[PDB]
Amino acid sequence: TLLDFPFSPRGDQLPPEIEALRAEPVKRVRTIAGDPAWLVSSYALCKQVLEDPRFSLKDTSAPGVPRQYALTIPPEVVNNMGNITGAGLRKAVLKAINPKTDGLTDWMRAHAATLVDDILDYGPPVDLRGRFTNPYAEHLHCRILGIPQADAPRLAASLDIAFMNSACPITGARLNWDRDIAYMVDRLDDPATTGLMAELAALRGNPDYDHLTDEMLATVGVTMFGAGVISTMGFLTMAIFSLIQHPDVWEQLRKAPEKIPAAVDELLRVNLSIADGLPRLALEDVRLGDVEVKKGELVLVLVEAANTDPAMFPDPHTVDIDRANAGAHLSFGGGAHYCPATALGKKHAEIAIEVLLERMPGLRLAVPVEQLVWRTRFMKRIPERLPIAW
């Protein structure tokens, strides 16, 4: 029957399957859920799908439609950012994730210094994921949300199930969802709560927002923490791994730290942290390249193939931190559903790389690359541990 998608959980190299997709930039695949989908792999056609309102994100959660994998979340939260905007909270949300809000940029530089010094004090080797990228990501999201740093562990423990890419519903996902919601409701009335959750609590009783239940405000906190932490931890872990795989680039940034912002664009382009496709349901019959896509069919945007399309990025496998169009990568999506937290994502990664170059310039892998354990059937490619020495 059909070519199975996805291809490999290994994040050390592009799956070999990508090369054969170049002759068939729209190809029918069988998904994890066992459903047909169109896998789109050229930069031009991926951009077209992301920018065209005939390709719906919201409709991928409708009942009975072809799926990539099973939902771990209630259906209505697939269009989270739209339910957020619709409810009048967009302003509060966009403020909390702005890296210029309440000294957030200064806090990230300061806290990254603390986490790396704690690692330096213990000596090598350490698991960089467990001891740096996890807490750096989780603590950022505790600060944004206004909840205690000490609660990061209970909320992060959910994400190993929440972002699974499973053929079947997961009983653990519903139990974790209900527990994290109940926790976030408790934070609304907690006198200690600050940040986004304190601003969301304050809207209650404001006549305009009588439609906003405690569960609905709690949904904003839970989904922001989950999406934000898995994305920042996933990307940053694999951006550092890419710098370990390209020591010449690590060395360019040691001598030229002013190039770090541009280097993060080029790492967004080549990193292999995305293990799935960006899903869209066709609202209408659309010709996409050579393929007549039918109304109600599932389309998957393959970011890692788009970002290495030589038509758009000549010499695509070269990591060039001076690449003029590095910024045109699809790793933050595009069109109506473009990541709203790109300023924070970039700044978070820039600062971590800056602090590691300054305080741990001899950073290297502590194990043979083949001894990494790649997480299977998960939305991200990540090594369970990233053992490093210096």
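In case it trips you up, residue 1 is the first one in the sequence shown, and so on.
Peer 1: Higher average CA B factor in the deposited record is what I'm after, so tell me if that's 80 to 88 or 146 to 154.
Peer 2: It is 80 to 88.
Peer 1: Quick one: higher average CA temperature factor, 181 to 189 or 129 to 137?
Peer 2: Taking the mean B-factor of the alpha carbons in each, 181 to 189 is higher.
Peer 1: Reading the B-factor column of the entry, which of 254, 111, 280, 174 has the highest value at its C-alpha atom?
Peer 2: Within the set 254, 111, 280, 174, 254 shows the top C-alpha B-factor.
Peer 1: When you compare the CA B-factors of 298, 275, 94, 116 as listed in the entry, which one comes out on top?
Peer 2: The record points to 94.
Peer 1: Ordered by C-alpha B-factor within the chain, which third holds residue 60? Give me lowest, middle or highest, please.
Peer 2: Within its chain, residue 60 is a middle-third residue by C-alpha B-factor, going by the deposited values.
Peer 1: Report the third (lowest, middle or highest) to which the CA temperature factor of residue 241 belongs, ranking only the modelled residues of the same chain.
Peer 2: Within its chain, residue 241 is a lowest-third residue by C-alpha B-factor, going by the deposited values.
Peer 1: Is the Cα B-factor recorded for residue 164 in the lowest, middle or highest third of its chain?
Peer 2: Within its chain, residue 164 is a lowest-third residue by C-alpha B-factor, going by the deposited values.
Peer 1: Please rank the C-alpha B-factors of the chain's modelled residues and tell me whether residue 235 sits in the lowest, middle or highest third.
Peer 2: Ranked within chain, residue 235 CA B lands in the lowest tercile.
Peer 1: Could you look up the Cα B-factor of residue 68 in the entry and say which third of the chain it sits in: lowest, middle or highest?
Peer 2: CA B-factor rank for residue 68: lowest third.
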